[PDB]
Amino acid sequence: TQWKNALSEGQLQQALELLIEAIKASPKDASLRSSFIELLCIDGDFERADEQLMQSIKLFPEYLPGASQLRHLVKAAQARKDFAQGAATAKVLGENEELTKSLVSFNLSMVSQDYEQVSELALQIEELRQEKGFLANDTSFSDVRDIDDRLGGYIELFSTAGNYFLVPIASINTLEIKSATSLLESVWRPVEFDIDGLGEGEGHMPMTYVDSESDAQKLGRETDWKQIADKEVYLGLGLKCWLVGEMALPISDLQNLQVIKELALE
């Protein structure tokens, strides 16, 4: 096709145009509408993606399962884009319901531009972060954390029901990141886990930071770092990169996590 070629050139906006016009010449084509929905989630236009998902259900009710599932993912992703300011997340951090306040106040300050409280909140959250050693790709590391200062010792998950979860890396027992088997799955990757407070389960993990803006960042084809003001608070853009031990590792090179247990606890 042509849009599938514009997407190879890292051109997200162009790829969308080639699709919107493509459905105008064949509005009764599922594959086109479907491909247009995936590239809509990557762009972040959730309101539109949802609009298209409601239409495809009417036109192709035979694909309700998949369309519905995407609706849930779009909902979770919407709650996350909103959490970047207001409370709309279900974080299983634990009993420290005080930390949950710190996380929400961190974003509330990011928007209120009070970079003095963000600098203070960031340090407090990191101070409370329970360091936990992990086995990453069968290699041992004494500690793991996201480089991003907003996420810190947390991973993100989009549950099946359509809820956005913030889960302490320290609460993870096993984690498996699958390979993408679809366009959208490249940035919203299916994962199999086993974390304290949820047991064995599955969902999707956004593979890119919430602030990603360029088309290369949304596609997860690069990682940039913007410093807040003059503090040591650095947010991310594009593909996530994690600090494992003493090195930096892009999330795309992480297949599995196996927590280092202390025989006596389990």
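Name the residues whose placed amide hydrogens come within less than 5 Å of the amide hydrogen of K132, ignoring near sequence neighbours (fewer than 5 apart) on the same chain.
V144
Considering only DSSP states other than H, G, I, E and B, which GluC sites (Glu not before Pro) in segment 179-227 qualify as loop sites with at most 16 other Cβ atoms within 10 Å?
Passing both the DSSP loop test and the Cβ count: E213, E222.
Say each of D196 and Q255 gets a label point 7 Å from the Cα, pointing the same way as Cα to Cβ; how far apart are those two points in nm?
2.8
Treating the beta-carbon of each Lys and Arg as +1 and of each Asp and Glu as -1, no other charges, what is the dipole magnitude of segment 1-85 about its Cα centre, to the nearest 20 debye?
Dipole magnitude for segment 1-85 comes out near 220 debye.
Could you tell me the relative contact order of segment 133-266? Use alpha-carbon pairs under 8 Å, at least six residues apart, and round to a whole percent.
The value is 28 percent.
Can you quote the Å³ per residue value for the convex hull of the Cα atoms in segment 124-266, rounded to an integer?
Expressed per residue, the convex hull around the Cα atoms of segment 124-266 is 123 Å³.
Please list 3J(HN,Hα) in residue order for segment 187-198, calculated via the Karplus relation 6.51 cos²θ - 1.76 cosθ + 1.60 where θ = phi - 60°; whole Hz, with x for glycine and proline.
Taking θ as phi minus 60°, the curve returns 9, 10, 8, x, 9, 10, 9, 6, 10, 4, x, 9 Hz for segment 187-198.
What is the dipole size for the chain, taken about its Cα centre, with +1 at each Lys and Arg Cβ and -1 at each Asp and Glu Cβ, in debye to the nearest 20?
Here the chain has a charge dipole of around 1000 debye.
Apply the Karplus curve 6.51 cos²θ - 1.76 cosθ + 1.60, θ = phi - 60°, to the phi angles in segment 6-13 and return the couplings in whole Hz, x for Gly and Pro.
6, 6, 6, 8, x, 9, 6, 4
Work from the charge dipole of the chain (Cβ charges, +1 for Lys and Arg, -1 for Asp and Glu, about the Cα centre) and give the residue of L135, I260, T174 farthest towards its positive end.
Highest projection toward the positive end goes to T174.
In nm, what is the difference between 0.36 nm times the number of residues separating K81 and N173 and their Cα-Cα distance?
Here the segment from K81 to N173 would lengthen by 30.4 nm.
Taking Rh as the Kirkwood radius, which is the inverse of the mean 1/r over Cα pairs, what is the Rg/Rh value for the chain?
0.98
Could you state the per residue volume, in Å³, of the convex hull enclosing the Cα atoms of segment 1-85?
Given the Cα convex hull of segment 1-85, per-residue volume reads 88 Å³.
Along the charge dipole of segment 1-85, which of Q13, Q55, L32 sits closest to the positive end, that is, farthest toward it, with unit charges on the beta carbon of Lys, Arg, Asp and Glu (+1, +1, -1, -1)?
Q55
What are the residues whose amide H is under 5 Å from the amide H of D148, where those residues sit 5 or more places off or on another chain and H is modelled from the backbone?
Residues meeting the criterion, in which the H sits 1.01 Å from N, are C241.
Nearest 500 deg cm²/dmol is fine: what mean residue ellipticity at 222 nm does the chain get from its DSSP H runs of n ≥ 4 alone, each adding -39,500 (n - 2.57), divided by its residue count? Could you put the intermediate results ahead of the total?
Values: 8 runs with 99 residues, N = 266.
Per the formula, -11500 deg cm²/dmol.
Would you tally the net charge around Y164, using a Cβ to Cβ cut-off of less than 10 Å, leaving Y164 out, and scoring K and R as +1, D and E as -1?
Numbers: positive: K75, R80, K81, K91; negative: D82, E156.
With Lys, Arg at +1 and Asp, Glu at -1, the net is +2.
With θ taken as phi - 60° and the coefficients 6.51, -1.76 and 1.60, list the Karplus ³J(HN,Hα) couplings across segment 226-232 in order, rounded to whole Hz; mark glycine and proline as x.
Computed from phi, the couplings for segment 226-232 are 10, 8, 3, 10, 10, 7, 9 Hz.
Using the beta-carbon distance between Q130 and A161 and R0 = 25 Å, what value does 1/(1 + (r/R0)^6) give for FRET efficiency, to the nearest 0.05?
0.35
Each value in this text was obtained by applying a stated rule to the coordinates, not by laboratory testing. Quick reminder, even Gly has a Cβ in these numbers, built from the backbone with ideal geometry, and neighbours come from all protein chains shown.
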